[PDB]
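Only one chain is given next, in structure tokens, and it is the form deposited in one PDB entry.
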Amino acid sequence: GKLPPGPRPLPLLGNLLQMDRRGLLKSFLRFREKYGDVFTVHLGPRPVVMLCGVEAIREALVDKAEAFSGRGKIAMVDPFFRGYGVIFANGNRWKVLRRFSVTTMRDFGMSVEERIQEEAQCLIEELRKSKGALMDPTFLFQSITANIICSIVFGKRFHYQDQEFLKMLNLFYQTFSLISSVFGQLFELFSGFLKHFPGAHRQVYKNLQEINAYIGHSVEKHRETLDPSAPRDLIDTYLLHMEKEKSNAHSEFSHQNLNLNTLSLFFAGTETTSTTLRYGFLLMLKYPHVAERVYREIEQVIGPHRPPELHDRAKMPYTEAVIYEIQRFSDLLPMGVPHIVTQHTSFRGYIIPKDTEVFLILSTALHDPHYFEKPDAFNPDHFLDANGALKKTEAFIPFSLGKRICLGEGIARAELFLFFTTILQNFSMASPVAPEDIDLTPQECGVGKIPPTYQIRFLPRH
């Protein structure tokens, strides 16, 4: 008849002494063994409600969408955002910024396909330049996803050796890792205390600021050469809305929202898609039978000549199930992004007060044994029926659900399929490390799950 059951906390340190050393997710998976799918965990001084498994996640985010559609904070970035931009906004602010984003993301968007195709070719082009040398694919996979989002937002794409562009992508990488670091998870619990001392949070804050100053300077240029009848990109469109509303008593179209909303899209748009790729090719190195089986489907469906295209999808159910599996296994946001309830809410006989944070442990759905047979292993069959046809599932929710559902899943999936197939079409992969010696153990597991560094060669097939 009250907030969900869970480990009895202490004053000051909530459930610190019951956490697991390996981090927040490990801790939660245990607490689940004992407490069930719905439970409270005091992270520092606050009863954060965890929801696990597809039933429960779906029941909150969908059936109770209103109650569960609010946004929590990520302690490590909150000092910078403080509720601005679409990702971290609530109430009307979010409403406006979500609508704005979704509409202008499509407008130049869902041509988007043409831009991914073009970028995919600049990409092949660069991988030829490497001449099969060993390389860390990190910056490139970042470049390509970033360029898609940049073209939509700044109206252009960046050269792969643009120093100032590489500087931006370095900041995203570091930042996401600092966030996901163990000090990151620790900061989630004790930022009240830890904020007053040195540590990664200050690096993150500084980084976000740098990125934001670039965005801000770019906004200034857009303003100087703005043509009210020929809006170039998302920033221009924003600037016009800003003008339209400048007499409205409260516009959410403020400079803070412009800069941070842009940053949110720019960053979000870059990080996960590229990471999925990174973790995807490490999986190809570890399982070449899957890689060449994907090639043999590229063979039949596209041949080795024609740029692949979104239409090819339906005809390539294996490649598609391979991608779904890469996503599932990668599990890139094991805990999604934090929610809050917007009212005093009933859930399974429990009561969650207004404004009680809620974590939807997406990872528990992507690993649910009722839906996947060896949840811990990389196996495309998980997305295939007996006939080798595509088998989508209720539990594949790496984008979350509901009103906060990833507003980029559409473009993320285009990018994923396009970039993936266009690479495999042209290249084969090898590394020094023998397949079964390849370690899939992530180098960070916090807010994000981050794959180890690896070296890779792309050998031509001509």
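The term rigid core refers to the maximal set of C-alpha atoms that superpose within 1.5 Å between the two forms. A residue's number is simply how far along the shown sequence it sits, counting from 1.
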In a third or more of the other compared PDB entries with flanking residues modelled, does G109 go missing? yes
Can you tell me how many deposited residues have no coordinates between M110 and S111? The categories are none, 1 to 3, 4 to 9, and 10 or more. 1 to 3
Of 315-323 and 206-214, which one has the bigger average CA B-factor? 315-323
Per the record, averaged over C-alpha atoms, which has the higher B-factor: 277-285 or 345-353? 277-285
Kindly indicate the residue among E252, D236, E299, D331 with the greatest C-alpha B-factor in the PDB record. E299
If I read the C-alpha B-factors straight from the PDB entry, which of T175, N261, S191, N379 is highest? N379
For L416, does the deposited CA B-factor place it in the lowest, middle or highest third of the chain? middle
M135, C-alpha B-factor rank within chain (lowest, middle or highest third): highest
Comparing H241 with the other modelled residues of its chain, is its CA B-factor in the lowest, middle or highest third? middle
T422, C-alpha B-factor rank within chain (lowest, middle or highest third): middle
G402 - which third its CA temperature factor falls in, relative to the rest of the chain: lowest
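What comes next is about the form deposited in another entry, which does not appear here.
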Residue among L390, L240, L134, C122 whose Cα moves 2 Å or more between the shown form and the other one, once the rigid core is superposed: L240
Is there a C-alpha shift of 2 Å or more at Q256 between the shown form and the other one once the rigid core is superposed? yes
Yes/no, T453 Cα shift of 2 Å or more between the shown form and the other one with rigid core fixed: no
Would you say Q185 moves between the shown form and the other one, meaning its CA shifts by 2 Å or more once the core is fitted? yes
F193 to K449, Cα distance in the other entry relative to here: closer or farther, by 3 Å or more? farther
